[PDB]
Amino acid sequence: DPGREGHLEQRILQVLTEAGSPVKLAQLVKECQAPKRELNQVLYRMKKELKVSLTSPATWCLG
Amino acid sequence: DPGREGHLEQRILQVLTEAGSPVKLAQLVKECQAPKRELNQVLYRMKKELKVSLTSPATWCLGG
DNA sequence: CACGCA
RNA sequence: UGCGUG
Ligand SMILES: [Mg+2]
Ligand SMILES: [Mg+2]
Ligand SMILES: [Mg+2]
Ligand SMILES: [Mg+2]
Ligand SMILES: [Mg+2]
Ligand SMILES: [Mg+2]
């Protein structure tokens, strides 16, 4: 669902931008009110686009 | 489902015993005619039980 | 692409 | 428990 996926990417970027430091998936699932698998589908697509990076397992930062 | 799981463990053991060597999961899925996920739930339980060993990624041998 | 994960 | 896997 692209409209949902767009909202998810929006929020991920907002939260990573406001954090200025690595953020765990556990926080992201709470911030996006979304199942972990749906967030991870978006995160790893953004990872291939070089928008976010994995600093450590299930921990994300702004690319 | 314990009846299904029992038969699946039976078939896994038959395949690994007859091979005399490590068997890939892809083989086991064809031999058992079961989805990969349900084979893996049984295989990793049998590994904890020391009935089979994981000799390399997704490759299985009889015995602990 | 290994993945079994409840 | 990292899991995204189509
Ligand atoms: Mg909107
Ligand atoms: Mg029977
Ligand atoms: Mg790998
Ligand atoms: Mg379990
Ligand atoms: Mg691990
Ligand atoms: Mg893909």
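In what follows, chains carry the letters A, B, and so on, assigned in the order in which the sequence lines appear, proteins first and then strands, with residues in each chain numbered from 1. Side-chain atoms are counted along with the backbone in the values below, which use heavy atoms only and exclude waters and symmetry mates.
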Measure the distance from [atom1] on [X] to [atom2] on [N] and round it to the nearest whole Å.
X	N	atom1	atom2	answer
B:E9	C:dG4	CD	P	18 Å
A:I12	D:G4	CD1	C1'	12 Å
A:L39	D:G2	CG	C1'	15 Å
A:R45	D:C3	CZ	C1'	18 Å
A:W60	D:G2	CH2	P	12 Å
B:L28	C:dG4	CG	P	13 Å
A:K24	D:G2	NZ	P	12 Å
B:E5	C:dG4	CD	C1'	12 Å

Under-4.0 Å side-chain N/O to phosphate OP1/OP2 contact, [X] with [N]:
X	N	answer
B:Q41	C:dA6	no
A:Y44	D:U5	no
B:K36	C:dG4	yes

Sequence neighbours left out, cut at 3.5 Å: what donor-acceptor pairs do the side chains of residues 55-63 of chain B make with other protein atoms?
residue, atom, partner, partner atom, Å
B:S56, OG, B:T59, OG1, 3.2
B:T59, OG1, B:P57, O, 3.0

(message) Once you apply a heavy-atom cut-off of 4.0 Å, does A:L25 come out as touching a base, just sugar-phosphate, or nothing?
(response) sugar-phosphate

(message) Just verifying a value: how many Å separate B:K47 NZ and B:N40 CG, rounded to the nearest 0.5 Å?
(response) 10.0 Å

(request) Mind listing the closest non-hydrogen atom pair of A:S53 and A:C61 along with its distance? (result) OG-SG, 2.7 Å

(message) I need the minimum non-hydrogen distance between A:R4 and A:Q33, along with the two atoms involved.
(response) NH2-O, 3.3 Å

(request) With the side chain of B:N40 defined as its heavy atoms from C-beta on, choose the nearest nucleotide among D:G2, C:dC3, D:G4. (result) C:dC3

(message) Measuring from the side chain of A:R37 (C-beta onward, heavy atoms only), which nucleotide among D:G6, D:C3, C:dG4 has the closest atom?
(response) D:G6

(request) Indicate whether any N or O donor in one side chain lies under 3.5 Å from an N or O acceptor in the other, for B:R11 and B:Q14. (result) yes

